[PDB]
Every structure is written in structure tokens, then in C-alpha cells.
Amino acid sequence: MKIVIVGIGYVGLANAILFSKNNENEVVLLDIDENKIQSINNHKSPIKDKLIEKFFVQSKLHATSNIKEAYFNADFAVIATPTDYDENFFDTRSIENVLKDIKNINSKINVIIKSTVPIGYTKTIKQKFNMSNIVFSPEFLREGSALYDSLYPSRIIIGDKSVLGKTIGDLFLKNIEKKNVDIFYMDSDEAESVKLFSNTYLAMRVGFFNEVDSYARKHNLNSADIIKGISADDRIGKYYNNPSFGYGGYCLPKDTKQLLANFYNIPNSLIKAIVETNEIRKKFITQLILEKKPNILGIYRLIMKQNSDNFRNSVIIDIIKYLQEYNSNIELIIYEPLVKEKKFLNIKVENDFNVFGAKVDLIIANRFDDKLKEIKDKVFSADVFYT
């Protein structure tokens, strides 16, 4: 049985691995990025940070840009290509590019959309392509625990109640490790809702605990004490409650603005504030840095959490832009090993840590790590639990 994964990002690569670790399945990764295809076929993970990166070193797997080769004789196709939101613009052109290829080569491949889409998208795209063999099943994995989250999903959501739905459902149950998983079958608009609203809840919770931290900072109260006290209510819980410079990453900022596009022309809403509180928190962090009046500022890591490959839409890049807007006279210096060029966004990169720590008045880091501990004293961070 042949499975095509379209897109070698975090979602596609984790799903490719999930389906390939059992000898019965032939898995093919399809992309337009020949760098990604060339990496895979050299048994290197293009996504530099993979928890279970033991998979590549110790189940076979094949990548190609060849539409013909991939979809030829394929039973399922998983669409894991980018979807963005740009303004109100719902960018799904990668999905329509794949579906157009799929409808050309062969149309009866059972298509699973994993990329996050607008509510009502899947029902619309089936009508407009004249294809009923398309099922939306959202993806809930975290970057940098992608394959773990794929083997042990929180739950499986199948946006189809027909027999095509149960078909897609059994395909995932028979390949995940997690057992007695919650699996919910529902119509497609409901599944798309589950995804946008789930991410919007998580954004809201981060926004909540950062408003707590902001409040504590303005009145010079102990944040850890307050958050620990709040979180001991089991209805609130001791997790996912560590203040930061703000929520970011690839999806939460996009998906919250998505849902807010649906929530226009009502006077206010949690959905609007979930977006707006994040920008206020980032500007407040910036104001706090300015008040320390540094002359040379070191940005420690462009990533947000320390188990992260990338800084795509990292909050700390937003902090850089706010610093540049409110006081371009503050010289900024980045310590970020992942960047090989020595200017990122016109800011000097200094990947000698000793030179970086000595050069700067003040270091801002979203999260502490042991490498920062030596110079703890010049470090500004909202990190409370050191997660």
C-alpha cells in the first residue's frame, strides 16, 4: 500500500515517518524544494531538530519532485503544504496546486488534508474541484516534538462521517502507537473549527499568563507565586503557563488572526483580545528593555523554546523590530548559531558566545538555559518555570 506525503515540513515528515515504520507501507515524500528532496534521499533530516531523529540513523523512505512518480499507484495522499493568512487573505494556493495535480494524475486517490484551512474550506474545495475523495483531518503536533506527537496524538479528528471517514480513521489507528486514542468523527466544518479554536485557546492561555506577568511587573509582585497559586486549581492546571515575550511560532499567530477574520462586526470578543493582548505584551516587554537604557543589546537566540529548529515568526524577532522602531540608536547583536550570515535583518550576528556576552550591556532571552547561567546577572527574561 502506497502513501504520498506532500510537503517535507514538520507535518509531512512526521507523518511520513509514522506511516513508514511498518514494513507493509510504501511512503513517498513529494515537494517542490529540491534541497528537501536531496536531503531526504541522503538519509539526512532537512528539519535539523528532530527528537526521534534516531529514525534516520537506524524503515525506508523516498522523496521526489516528480508528480508522476509520487502519485502513480498511490492509495492515499496527505497534503501538508503551507497555508498562511496575509490580509483578509486565506492563502490556500498550495493546497489547490496539489489537488489540481492529484485530479490530473489520478482523481481516486484518497486525499487527506492535514494543513490548517479556513472553516468551510474543505466542503468548498470538494465542490469546486468535483472531488468527494477529500477528507480534512487536522494536525495537532508541536514542532520539535512532531514525531512524538504523531505517534501519541492527543486525539484523532476525522472531518468525515461517511465510510471514507472511517477509512481514513483506521489508517491512522493502525499506524499510531498510542492506544485507546480518542477518535472523533464529524463534518468537515466542525473539524476545521476544532483546529482553529484549539490553537486559539492555547494562544489565549499564553496571553492570559503574560497579562498576569505584566500586571505583576507593573506592581513589582512575585509572578511565580501568583502563577503557582492560580495553577493549583485543577481546572486551570500546572502546565503551559510560563510567561514569555509573547506567543508566536508558525501557526498560533496565523490561526488566531484567521478566526478573528470570522469574528468581525461584533463589538469586542475574546478572539479579538487574544490577538491584541499579544501585541500589547510585546510592546510592554520592549518598553521594559528601553527603560534599562542599554547602549548595546544582545539578543540570545532567535528561537523561542530551546527544543526548536527554527525561528519562523519567533516572538523575539518581533521584539527586535519593536526595538528598532522605538530606538534604532540601541545597537543590537544577535547570538544565533543557526544563522550563517553575519547580518540578519541588518543586525550583526556574533556566534562567539564569549565575545557576545562581553560585548553587550544587556542580554534578552525568551527562555533561560544553563549556558546563560554564568552571566545570569545581565540577562532579561520573562521565564519563570525554566521550561
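Quick note: we count residues from 1 along the sequence shown, nothing fancier.
- Count the deposited residues lacking coordinates between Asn329 and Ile330 and you get none at all.
- According to the record, the deposited sequence contains no missing residues between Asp234 and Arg235, so the chain is continuous there.
- Here 316-324 and 49-57 are compared by their mean Cα B-factor, and 49-57 comes out higher.
- Legend: mean Cα B-factor per stretch from the PDB entry, 89-97 versus 273-281; the higher mean is in 89-97.
- You'll see in the entry that, of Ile303, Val111, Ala146, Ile227, the Cα B factor peaks at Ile303.
- The PDB entry gives the largest Cα B-factor of the residues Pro153, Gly246, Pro138, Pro267 to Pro267.
- Per the deposited record, the Cα B-factor of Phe368 falls in the highest third when ranked against the other modelled residues of its chain.
- Among the modelled residues of its chain, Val6 has a C-alpha B-factor that falls in the lowest third according to the deposited record.
- In the PDB entry, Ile17 places in the middle third of its chain by CA B-factor.
- Annotation for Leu29: CA B-factor lies in the middle third of the chain's modelled residues.
- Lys178: CA B factor in the highest third of modelled residues in this chain (values from the PDB entry).
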